[PDB]
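Just so you know, these numbers use all the heavy atoms, side chains as well, and skip hydrogens, waters and symmetry mates. Atoms within each ligand, like the ligands themselves, are counted from 1 in listed order. Every chain is numbered from 1 and lettered A, B, ... according to where its sequence line falls, protein lines coming before strand lines.
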Amino acid sequence: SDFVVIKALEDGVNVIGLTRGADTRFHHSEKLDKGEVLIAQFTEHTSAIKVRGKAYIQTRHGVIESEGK
Amino acid sequence: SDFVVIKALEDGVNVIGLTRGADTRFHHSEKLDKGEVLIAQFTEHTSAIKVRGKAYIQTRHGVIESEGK
Amino acid sequence: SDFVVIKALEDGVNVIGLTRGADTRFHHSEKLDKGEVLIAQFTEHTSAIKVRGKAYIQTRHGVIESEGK
Amino acid sequence: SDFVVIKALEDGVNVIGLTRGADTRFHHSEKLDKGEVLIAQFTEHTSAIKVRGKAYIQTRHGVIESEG
Amino acid sequence: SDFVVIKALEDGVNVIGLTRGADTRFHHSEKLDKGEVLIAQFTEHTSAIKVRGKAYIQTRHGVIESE
Amino acid sequence: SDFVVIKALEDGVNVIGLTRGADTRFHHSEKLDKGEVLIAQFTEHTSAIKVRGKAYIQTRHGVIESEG
Amino acid sequence: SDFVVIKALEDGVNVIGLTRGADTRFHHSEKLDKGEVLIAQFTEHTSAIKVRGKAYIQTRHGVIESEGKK
Amino acid sequence: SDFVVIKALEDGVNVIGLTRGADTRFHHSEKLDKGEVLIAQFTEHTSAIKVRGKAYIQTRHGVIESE
Amino acid sequence: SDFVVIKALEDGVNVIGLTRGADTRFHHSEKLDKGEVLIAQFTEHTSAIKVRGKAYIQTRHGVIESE
Amino acid sequence: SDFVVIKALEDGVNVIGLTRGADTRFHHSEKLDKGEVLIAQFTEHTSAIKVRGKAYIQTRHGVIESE
Amino acid sequence: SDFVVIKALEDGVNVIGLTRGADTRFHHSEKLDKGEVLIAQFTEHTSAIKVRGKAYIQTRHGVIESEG
Ligand SMILES: N[C@@H](Cc1c[nH]c2ccccc12)C(=O)O
Ligand SMILES: N[C@@H](Cc1c[nH]c2ccccc12)C(=O)O
Ligand SMILES: N[C@@H](Cc1c[nH]c2ccccc12)C(=O)O
Ligand SMILES: N[C@@H](Cc1c[nH]c2ccccc12)C(=O)O
Ligand SMILES: N[C@@H](Cc1c[nH]c2ccccc12)C(=O)O
Ligand SMILES: N[C@@H](Cc1c[nH]c2ccccc12)C(=O)O
Ligand SMILES: N[C@@H](Cc1c[nH]c2ccccc12)C(=O)O
Ligand SMILES: N[C@@H](Cc1c[nH]c2ccccc12)C(=O)O
Ligand SMILES: N[C@@H](Cc1c[nH]c2ccccc12)C(=O)O
Ligand SMILES: N[C@@H](Cc1c[nH]c2ccccc12)C(=O)O
Ligand SMILES: N[C@@H](Cc1c[nH]c2ccccc12)C(=O)O
């Protein structure tokens, strides 16, 4: 099942999982401080992932950076 | 199942899911602000995705820029 | 299952779904304003999709523009 | 399941599907005007597709233009 | 399931389907006029396809012209 | 299933299908005339194909000419 | 089923497993010391992996170095 | 399921099929004359194939000549 | 299923398999002497591999040296 | 299911099959003479293959010569 | 499953199979003499293979050499 790579470039980065199914909501928010990496998969409970803050992200489609503020 | 990456290039971008099945309507609209990144899958509930607002998008098939009015 | 990417290159583009089965009719028409992106899959209800209006399109087989007059 | 992309290079192109099974006949004819794009799959009901008129076509095996 | 692309480069091309199973015969023949394209699959009823006439042919294995 | 492209570069080319199973015998022989193309599969009834005559052949593994 | 390659570049790196399911919490931390390599999969119990401290990571998507503190 | 392409470089080439299962023994030998091509598959009955004669062979793994 | 290649560069390398399940603990420790190669898979019992000592490692994502 | 290509490079080359299962023993040894090709699969009966003699070998992992 | 390719580069090369299961023990040791090639699979009974001796190894992930 796919996964995404997130590296925080700053303190307080947020990787939020949104619930799978009929409803759409935040079920979990993982805080990442500067330099930490989170490797997260799409699962039965998570069908969309939002990154808040400055981070460096890798997926099967390539590299992208979110930006804070 | 496949997924799309959307980076908001401006405030208030909308990432909108359209219902799977015989009936077709928007079931959810995730608002993104400038620099935030949304990674979203095609699921049991979502069979088409619409982006409104200025964003940068990556999919299996290439990259695309959406633009606001 | 596969999807197509459509960017409207003018207001009023139409993205139309053709019914899966022994009959073929339009069951849905999604309207796109200039700059808006629709990412759409081939589903249990849709086995053919028709684009009307000027649009930039990307599929698994490459890019193509649609032109209407 | 595979699909074909068809862009009408003139008014009145026809995208015709042929019925899957022991019988072969046309079951449907989608007409395209100039510039319009049809993206169509192979289905439980369609196992062959015929395009008539001038069109620009894309498949897994490459590009091809039809001429009426 | 695999398919073939056939463009007729003259009138009267004929794309013939041969039956699947223990017996082998033509079960259909689709004529093509100059410039017409047929995109056809291998199916529960068709395990072999024969092209007669002048045609520009595309498959998984490459391009081929029939003469 | 996989298939084989066979174009005849002379008259009388023969595409022979051999039986799948514990016994091995030809069960069908499709005759090709110069220029014709035959696109056939491996199937429940055919597990080896033999080509007699001069032909241009394409498979998953590449081109190859037969001489007969 | 996918896996991640982790090499500690300093002592006291932790590779943390996040539980699969409606709840999300750390169920395990593997300590790595400088030069040690952990090769770990996504599983029935782990659906997200967090690396603390300096490490050199290889996944299907390429290379990345963690630099988190402590 | 896979196959091998075998072209006879001389008369009398022989493509032999060895049985699948606990016993190994040849169950067929298709003779090929100079120029003839045999396209054959690994099947329920064949788990190994021996070529005797001068043949040009094509597999998933590349080309090889038998001598 | 996936595997890793481990070449010991020094006597005493220790290849540790960690338990698949809710609990994580080493279930086996395989020691290698300098120059030996262990080729190991992920399996129903092993979901994580830990490598102590100086070794040369090959996986699907590339090469890496434990130190 | 995968296979390997074995070309004998001298008379008396030997292709040995090892049993699948808890026990491991040879259950068949197919002798090849100079220039002959054997194309063999991993099967329900064979989980490992040993080559004895001077042989040219192609697998999915590349070419190798036995000595 | 996948397989490894092992060629003995000296006499007495030992290819050891480790048991699949909750327990991990050697269940077999194939002895290889210089020049002999053993091509082995991961199986129902083998989940990990050890090579002792100077041997030339090919896997999906490339070549590697064990040294005696
Ligand atoms: N609950 C939605 C979450 C989602 C995934 N992809 C989306 C795209 C747009 C909007 C919402 C979504 C779903 O499972 O379908
Ligand atoms: N509910 C529709 C939505 C849809 C998906 N792809 C489309 C393409 C065109 C029009 C509508 C759609 C469906 O499941 O089919
Ligand atoms: N109802 C048709 C619609 C269709 C799909 N592909 C086509 C190609 C040509 C004509 C019609 C179609 C079907 O499901 O088969
Ligand atoms: N009824 C046919 C239509 C067809 C598909 N591919 C063909 C090739 C040649 C002739 C006819 C066909 C089928 O299902 O088999
Ligand atoms: N009836 C044959 C038709 C066929 C397929 N491939 C062939 C190759 C050679 C000769 C005939 C065939 C089949 O289904 O098996
Ligand atoms: N009846 C044999 C035909 C065959 C296929 N591949 C072969 C290779 C060699 C000899 C015979 C064959 C089979 O189905 O098994
Ligand atoms: N408990 C969560 C963990 C998770 C995986 N990927 C995530 C992305 C964001 C937030 C949480 C997660 C799950 O199994 O879905
Ligand atoms: N009867 C054997 C034949 C065989 C296949 N591959 C082999 C390799 C070596 C020796 C014999 C064989 C089997 O099915 O396994
Ligand atoms: N009994 C173990 C053998 C094993 C395979 N890979 C390993 C990696 C590390 C330690 C032991 C192993 C297993 O099947 O689970
Ligand atoms: N008990 C764990 C072992 C594990 C695999 N991957 C991990 C990543 C981090 C922490 C522990 C692990 C599991 O199977 O889930
Ligand atoms: N009976 C053993 C044969 C074998 C295959 N691969 C091996 C690797 C090493 C030792 C023995 C083997 C098995 O099927 O597992």
- [ ] Decide, yes or no, whether a salt bridge links D:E44 with D:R20 under the criterion of side-chain N to carboxylate O below 4.0 Å.
- [x] no

Open item on the list: Taking the basic N atoms (NZ, or NE/NH1/NH2) and the acidic carboxylate oxygens, is any pair closer than 4.0 Å for E:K7 and E:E36?
Closed with: no

TODO: Kindly indicate whether the side chain of I:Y56, heavy atoms from C-beta on, has any atom under 4.5 Å from the side chain of I:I6.
DONE: no

Task: Ion pair D:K50/E:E30, N-O distance below 4.0 Å - done: yes

Open item on the list: Looking at E:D11 and E:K54, is there a salt bridge between them, counting it only when a charged N and a carboxylate O are closer than 4.0 Å?
Closed with: no

Run through all N or O atoms in ligand 9 and write down each protein N or O closer than 3.5 Å, as a pair with its distance.
residue	atom	partner	partner atom	Å
ligand 9	1 (N)	K:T19	O	3.0
ligand 9	1 (N)	K:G21	O	2.9
ligand 9	1 (N)	K:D23	O	3.3
ligand 9	1 (N)	K:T24	OG1	3.0
ligand 9	6 (N)	I:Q41	O	3.0
ligand 9	14 (O)	K:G21	N	3.3
ligand 9	14 (O)	K:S47	OG	2.4
ligand 9	15 (O)	I:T43	OG1	2.8
ligand 9	15 (O)	I:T46	OG1	2.7

Open item on the list: For I:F3 and K:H61, take the angle between the two ring planes, folded into 0 to 90°, and tell me which bin it lands in: parallel under 30, tilted 30 to 60, perpendicular over 60.
Closed with: parallel

